[PDB]
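A.B. asks: Submitted below is the structure of interest, expressed as structure tokens.
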Amino acid sequence: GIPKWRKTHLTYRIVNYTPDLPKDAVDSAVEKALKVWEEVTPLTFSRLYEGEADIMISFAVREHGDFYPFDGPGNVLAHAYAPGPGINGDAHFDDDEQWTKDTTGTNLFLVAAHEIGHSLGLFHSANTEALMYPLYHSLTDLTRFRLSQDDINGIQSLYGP
Ligand SMILES: N#Cc1ccc(-c2ccc(OCCC(=O)NO)cc2)cc1
Ligand SMILES: [Ca+2]
Ligand SMILES: [Ca+2]
Ligand SMILES: [Zn+2]
Ligand SMILES: [Zn+2]
């Protein structure tokens with residue numbers, strides 16, 4: 001049990017969107033990913049807009065010169081930060097892509113959950129069922145979407161024993 005600077009309560013701000021799908025696809029994705037860890041660990045969060053919350057989810061168009069420029073439908077889908085004094089819980093999404101919620105391309109629901117897991121304080125796992133797997137695993141079977149002992153131990157180290 002050792003979370004972000006020992007803080008149990010984290011705030012998140014939506015500063016990203018999707019040019020292809022409705023706002024429910026992006027806003028609810030951030031919250032579902034954010035609360036997917038709430039449904040697994042006793043973490044407390046709040047969604048606001050002030051200026052900059054603990055976790056800042058922003059969009060990144062082709063002018064993405066902070067790590068990698070736009071690649072289009074390329075494997076590079078997004079990047080996030082976590083153990084930092086400023087970049088604490090901050091991520092970016094490739095706006096120039098097909099963001100879907102039904103694995104029809106770039107599943108932002110799955111990617112966001114993976115990015116939120118990162119920002120919360122986790123890296124990459126090894127199990128194929130793990131939400132933090134370092135390789136694209138777009139599965140049409142959304143009924144099998146779950147957490148596994150692999151990623152579980154990771155989030156457990158953050159907010160658990
Ligand atoms: N169940 C399940 C499950 C579902 C999806 C993934 C999945 C998809 C794309 C990814 O792309 C973003 C690149 C990255 O690693 N960023 O930090 C990484 C992970 C894994 C497991
Ligand atoms: Ca891409
Ligand atoms: Ca931040
Ligand atoms: Zn970036
Ligand atoms: Zn990752």
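Residues are referred to by chain and number: the chain letter is A, B, ... according to the order shown in the structure tokens, the number counts from 1 in that chain, and ligands are numbered separately from 1 in the order shown.
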Could you pull out all residues of range 60-161 of chain A with a DSSP call of helix (DSSP H, G or I) and give them as a PyMOL selection string?

C.D. replies: chain A and resi 108-121+149-158

A.B. asks: Could you write out that same residue set with N, CA and C atoms as a PDB file, in the first residue's frame?

C.D. replies:
ATOM      1  N   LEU A 108     -10.770   3.091 -27.401  1.00  0.00           N
ATOM      2  CA  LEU A 108     -10.375   4.090 -26.411  1.00  0.00           C
ATOM      3  C   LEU A 108     -10.799   3.688 -24.997  1.00  0.00           C
ATOM      4  N   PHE A 109     -11.843   2.874 -24.884  1.00  0.00           N
ATOM      5  CA  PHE A 109     -12.293   2.408 -23.575  1.00  0.00           C
ATOM      6  C   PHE A 109     -11.205   1.534 -22.932  1.00  0.00           C
ATOM      7  N   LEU A 110     -10.639   0.623 -23.721  1.00  0.00           N
ATOM      8  CA  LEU A 110      -9.581  -0.261 -23.232  1.00  0.00           C
ATOM      9  C   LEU A 110      -8.267   0.513 -23.056  1.00  0.00           C
ATOM     10  N   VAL A 111      -7.937   1.345 -24.044  1.00  0.00           N
ATOM     11  CA  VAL A 111      -6.721   2.155 -23.994  1.00  0.00           C
ATOM     12  C   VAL A 111      -6.746   3.123 -22.802  1.00  0.00           C
ATOM     13  N   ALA A 112      -7.880   3.794 -22.587  1.00  0.00           N
ATOM     14  CA  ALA A 112      -8.011   4.725 -21.461  1.00  0.00           C
ATOM     15  C   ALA A 112      -7.796   4.002 -20.134  1.00  0.00           C
ATOM     16  N   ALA A 113      -8.410   2.827 -19.984  1.00  0.00           N
ATOM     17  CA  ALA A 113      -8.258   2.038 -18.760  1.00  0.00           C
ATOM     18  C   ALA A 113      -6.784   1.694 -18.528  1.00  0.00           C
ATOM     19  N   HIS A 114      -6.088   1.403 -19.622  1.00  0.00           N
ATOM     20  CA  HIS A 114      -4.670   1.071 -19.579  1.00  0.00           C
ATOM     21  C   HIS A 114      -3.865   2.310 -19.214  1.00  0.00           C
ATOM     22  N   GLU A 115      -4.262   3.460 -19.759  1.00  0.00           N
ATOM     23  CA  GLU A 115      -3.570   4.723 -19.470  1.00  0.00           C
ATOM     24  C   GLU A 115      -3.828   5.170 -18.026  1.00  0.00           C
ATOM     25  N   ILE A 116      -5.054   4.957 -17.540  1.00  0.00           N
ATOM     26  CA  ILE A 116      -5.405   5.306 -16.161  1.00  0.00           C
ATOM     27  C   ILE A 116      -4.614   4.423 -15.185  1.00  0.00           C
ATOM     28  N   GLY A 117      -4.451   3.147 -15.541  1.00  0.00           N
ATOM     29  CA  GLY A 117      -3.667   2.244 -14.712  1.00  0.00           C
ATOM     30  C   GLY A 117      -2.224   2.724 -14.606  1.00  0.00           C
ATOM     31  N   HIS A 118      -1.715   3.262 -15.714  1.00  0.00           N
ATOM     32  CA  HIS A 118      -0.362   3.812 -15.764  1.00  0.00           C
ATOM     33  C   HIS A 118      -0.240   5.019 -14.833  1.00  0.00           C
ATOM     34  N   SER A 119      -1.074   6.027 -15.090  1.00  0.00           N
ATOM     35  CA  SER A 119      -1.082   7.274 -14.313  1.00  0.00           C
ATOM     36  C   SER A 119      -1.294   7.043 -12.811  1.00  0.00           C
ATOM     37  N   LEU A 120      -2.077   6.032 -12.450  1.00  0.00           N
ATOM     38  CA  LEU A 120      -2.303   5.720 -11.037  1.00  0.00           C
ATOM     39  C   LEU A 120      -0.995   5.290 -10.345  1.00  0.00           C
ATOM     40  N   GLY A 121      -0.037   4.800 -11.127  1.00  0.00           N
ATOM     41  CA  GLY A 121       1.246   4.389 -10.571  1.00  0.00           C
ATOM     42  C   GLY A 121       1.691   2.991 -10.975  1.00  0.00           C
ATOM     43  N   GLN A 149      -4.739 -11.651 -11.449  1.00  0.00           N
ATOM     44  CA  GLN A 149      -3.757 -11.651 -10.338  1.00  0.00           C
ATOM     45  C   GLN A 149      -2.486 -10.857 -10.679  1.00  0.00           C
ATOM     46  N   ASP A 150      -2.110 -10.891 -11.951  1.00  0.00           N
ATOM     47  CA  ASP A 150      -0.936 -10.181 -12.456  1.00  0.00           C
ATOM     48  C   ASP A 150      -1.050  -8.663 -12.214  1.00  0.00           C
ATOM     49  N   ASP A 151      -2.023  -8.024 -12.864  1.00  0.00           N
ATOM     50  CA  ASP A 151      -2.237  -6.584 -12.701  1.00  0.00           C
ATOM     51  C   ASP A 151      -2.786  -6.269 -11.301  1.00  0.00           C
ATOM     52  N   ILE A 152      -3.520  -7.226 -10.723  1.00  0.00           N
ATOM     53  CA  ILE A 152      -4.081  -7.078  -9.377  1.00  0.00           C
ATOM     54  C   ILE A 152      -2.977  -6.768  -8.358  1.00  0.00           C
ATOM     55  N   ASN A 153      -1.880  -7.522  -8.409  1.00  0.00           N
ATOM     56  CA  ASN A 153      -0.759  -7.295  -7.494  1.00  0.00           C
ATOM     57  C   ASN A 153      -0.169  -5.894  -7.701  1.00  0.00           C
ATOM     58  N   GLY A 154      -0.150  -5.447  -8.955  1.00  0.00           N
ATOM     59  CA  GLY A 154       0.359  -4.120  -9.270  1.00  0.00           C
ATOM     60  C   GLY A 154      -0.454  -3.017  -8.599  1.00  0.00           C
ATOM     61  N   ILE A 155      -1.776  -3.049  -8.777  1.00  0.00           N
ATOM     62  CA  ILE A 155      -2.645  -2.049  -8.154  1.00  0.00           C
ATOM     63  C   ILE A 155      -2.720  -2.262  -6.629  1.00  0.00           C
ATOM     64  N   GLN A 156      -2.547  -3.512  -6.196  1.00  0.00           N
ATOM     65  CA  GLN A 156      -2.553  -3.849  -4.769  1.00  0.00           C
ATOM     66  C   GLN A 156      -1.372  -3.176  -4.058  1.00  0.00           C
ATOM     67  N   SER A 157      -0.222  -3.154  -4.727  1.00  0.00           N
ATOM     68  CA  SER A 157       0.973  -2.506  -4.176  1.00  0.00           C
ATOM     69  C   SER A 157       0.716  -1.009  -3.989  1.00  0.00           C
ATOM     70  N   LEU A 158      -0.071  -0.438  -4.897  1.00  0.00           N
ATOM     71  CA  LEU A 158      -0.430   0.975  -4.831  1.00  0.00           C
ATOM     72  C   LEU A 158      -1.474   1.216  -3.732  1.00  0.00           C
TER      73      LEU A 158
END

A.B. asks: Write out as a ChimeraX atom specification the residues lying within 9 Å of residue 44 in chain A, counting only C-alpha atoms and excluding same-chain residues fewer than 5 positions away.

C.D. replies: /A:8-11,35,38

A.B. asks: Looking at only C-alpha atoms and all ligand atoms, which of A:85, A:22, A:69, A:105 is the one that sits closest to ligand 4?

C.D. replies: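 Using only C-alpha atoms and all ligand atoms, the shortest distance to ligand 4 belongs to A:69.
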
A.B. asks: Give me the residues within 10 Å of residue 77 in chain A as a ChimeraX atom specification, counting only C-alpha atoms and dropping any in the same chain fewer than 5 places off.

C.D. replies: /A:70-72,92-97,99,106-108,111-112,136

A.B. asks: Please identify the residues whose atoms come within 8 Å of ligand 3, using only C-alpha atoms and all ligand atoms, and report them as JSON, numbers by chain.

C.D. replies: {"A": [52, 53, 54, 55, 56, 85, 86, 87, 88, 89, 90]}

A.B. asks: Name the residues in contact with residue 147 in chain A at a cut-off of 10 Å, using only C-alpha atoms, excluding same-chain residues fewer than 3 positions from it; report them as an NGL selection string.

C.D. replies: :A and (36-37 or 40 or 129-132 or 144 or 150-152)

A.B. asks: Selected residues, C-alpha atoms, written as an mmCIF file, in the first residue's frame, please.

C.D. replies:
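Saved the output as part00.cif:
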data_model
loop_
_atom_site.group_PDB
_atom_site.id
_atom_site.type_symbol
_atom_site.label_atom_id
_atom_site.label_comp_id
_atom_site.auth_asym_id
_atom_site.auth_seq_id
_atom_site.Cartn_x
_atom_site.Cartn_y
_atom_site.Cartn_z
ATOM 1 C CA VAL A 36 -12.686 0.527 -12.983
ATOM 2 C CA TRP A 37 -9.944 0.815 -10.353
ATOM 3 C CA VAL A 40 -11.355 -3.044 -7.674
ATOM 4 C CA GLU A 129 -5.763 -10.980 -19.408
ATOM 5 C CA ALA A 130 -4.024 -8.115 -17.587
ATOM 6 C CA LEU A 131 -5.295 -4.600 -18.335
ATOM 7 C CA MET A 132 -1.670 -3.387 -18.212
ATOM 8 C CA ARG A 144 -14.391 -11.518 -20.714
ATOM 9 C CA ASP A 150 -0.936 -10.181 -12.456
ATOM 10 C CA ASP A 151 -2.237 -6.584 -12.701
ATOM 11 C CA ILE A 152 -4.081 -7.078 -9.377
#

A.B. asks: Could you state the separation of CA of residue 122 in chain A and atom 13 (C, counted along the ligand's line) of ligand 1 in Å, given to one decimal place?

C.D. replies: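 So the answer is 12.9 Å.
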
A.B. asks: So what do you get for CA of residue 101 in chain A versus CA of residue 43 in chain A, distance-wise?

C.D. replies: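 One can read the CA of residue 101 in chain A to CA of residue 43 in chain A distance as 24.8 Å.
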
A.B. asks: Please tabulate, as CSV, the residues of chain A that come within 7 Å of ligand 4, each with its closest pair of atoms and the distance in Å to one decimal, counting only C-alpha atoms and all ligand atoms and ordering rows by chain, then residue number upward.

C.D. replies:
residue,atom,partner,partner_atom_place_in_ligand_line,distance
A:60,CA,ligand 4,1 (Zn),6.3
A:64,CA,ligand 4,1 (Zn),6.0
A:66,CA,ligand 4,1 (Zn),5.1
A:67,CA,ligand 4,1 (Zn),5.8
A:79,CA,ligand 4,1 (Zn),6.4
A:91,CA,ligand 4,1 (Zn),6.7
A:92,CA,ligand 4,1 (Zn),4.9

A.B. asks: Using atom 7 (C, counted along the ligand's line) of ligand 1 and CA of residue 51 in chain A as the two end points, give the distance in Å to one decimal.

C.D. replies: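 We find that atom 7 (C, counted along the ligand's line) of ligand 1 and CA of residue 51 in chain A lie 29.0 Å from each other.
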
A.B. asks: Looking at only C-alpha atoms, which of A:75, A:100, A:41, A:46 is the one that sits closest to residue 25 in chain A?

C.D. replies: A:100

A.B. asks: Which of these residues is nearest to ligand 5, using only C-alpha atoms and all ligand atoms: A:137, A:143, A:5, A:80?

C.D. replies: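 Smallest separation from ligand 5 among the options: A:80.
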
A.B. asks: Given the choices A:18, A:98, A:140, A:128, which gets closest to ligand 1 if the distance is worked out from only C-alpha atoms and all ligand atoms?

C.D. replies: A:128

A.B. asks: Restricting the calculation to only C-alpha atoms and all ligand atoms: of A:76, A:39, A:141, A:159, which residue gets closest to ligand 1?

C.D. replies: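 Closest to ligand 1 of all the choices is A:76.
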
A.B. asks: Counting only C-alpha atoms, figure out which residue out of A:16, A:146, A:123, A:33 gets nearest to residue 82 in chain A.

C.D. replies: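 When distances to residue 82 in chain A are compared using only C-alpha atoms, the smallest one comes from A:123.
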